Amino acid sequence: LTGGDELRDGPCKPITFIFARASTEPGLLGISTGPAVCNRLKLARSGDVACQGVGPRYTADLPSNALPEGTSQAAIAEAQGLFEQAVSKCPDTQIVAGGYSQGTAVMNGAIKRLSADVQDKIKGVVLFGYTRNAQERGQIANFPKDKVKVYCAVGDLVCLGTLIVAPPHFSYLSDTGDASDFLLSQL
């Protein structure tokens, strides 16, 4: 009945969407792009999607953006554990994933650390306002470029190797349909 913990709650679904929210967002999926994409996936594949947010160890606090990899080690470990848990708990699931702002740093840090076998189960990843875009040359490290789509709005300065938050950083509602479409196409 409540959202964002559907991998931990079970039952397994054919599609598991794992999402890391932006700094300051409450809850597991957050309150912006994470639910927007989750809900689009559920409309397109009714009854086939589990949405799982990265939390609560990932606290989405502002200061963590300045740490080496752009988020906390705890957040990266939590996300990495959820990818591993999807594959072991639900061997038939196909994973799609995403993040927003700091959550994109969580995704990059976690996915780059996964084995090839678990990476192969992750069919697509959408990154809105990717805070590691410059640092990672527009992809996730140690993971295929063609499985990632980055949404960096014009003038969203966090994609330029800064932590400056400007208005285009909040313009991603208009990209959530494209993002859902990309994830569905990868599935």
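Position 1 is the first residue in the sequence shown; the rest follow in order.
Per-stretch averaging of Cα B factors for 167-175 and 18-26 places 167-175 on top. Between the stretches 65-73 and 32-40, it is 65-73 that shows the larger average CA temperature factor. Out of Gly155, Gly53, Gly129, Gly124, it is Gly155 whose C-alpha atom has the highest B-factor in the PDB entry. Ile111 sits in the lowest third of its chain by CA B factor, as recorded in the PDB entry. Per the deposited record, the Cα B-factor of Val150 falls in the lowest third when ranked against the other modelled residues of its chain.
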